[PDB]
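Single-structure report; data block below.
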Amino acid sequence: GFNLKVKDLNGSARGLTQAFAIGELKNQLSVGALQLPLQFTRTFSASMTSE
Amino acid sequence: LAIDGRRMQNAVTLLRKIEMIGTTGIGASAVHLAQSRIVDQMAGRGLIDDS
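Chain order of the listed sequences is P and R.
Quick note: the first sequence, position 19, residue 9 per the numbering used here, numbers continuous.
Take the position in the second sequence, starting the count at 1, then add 177; the result is the number in the numbering used here.
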């Protein structure tokens, strides 16, 4: 599959990212820091192998 | 020559007061927030993986 040179996608794959996902677009882009934890246990995904 | 040391001692104590209260979560977290942030600016800047 997909190859990437890891130093950017902020110029090389804003066809990806959470920011991007915001559609907040273009920047190396900070995360201030800033808060509270998570995890799950679960997925609820369709069925990965489904078909 | 004599007097100093004693004068020194207490300082440390002072210090001792302070860090001591500096430990406290609500403190510490604060640090936390900081560090991250400190780092954040830093991140562009920083380059060396000096260990």
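Where a beta carbon is used, it is the ideal one built from N, C-alpha and C, also for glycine.
Along the stretch 20 to 36 of chain P, going in chain order, the ones with a CB nearer than 8 Å to a CB of chain R are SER20, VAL21, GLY22, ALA23, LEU24.
P:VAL(-4) is bridged by DSSP to P:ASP(-2). When secondary structure is reduced to three states using DSSP, P:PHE10 falls in the helix class. Bounds of the alpha helix (DSSP H) holding R:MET197 are 179 to 199. Among the CB atoms of chain P, one or more fall inside 8 Å of the CB of R:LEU210. For R:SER213, at least one C-beta of chain P is nearer than 8 Å to its own C-beta.
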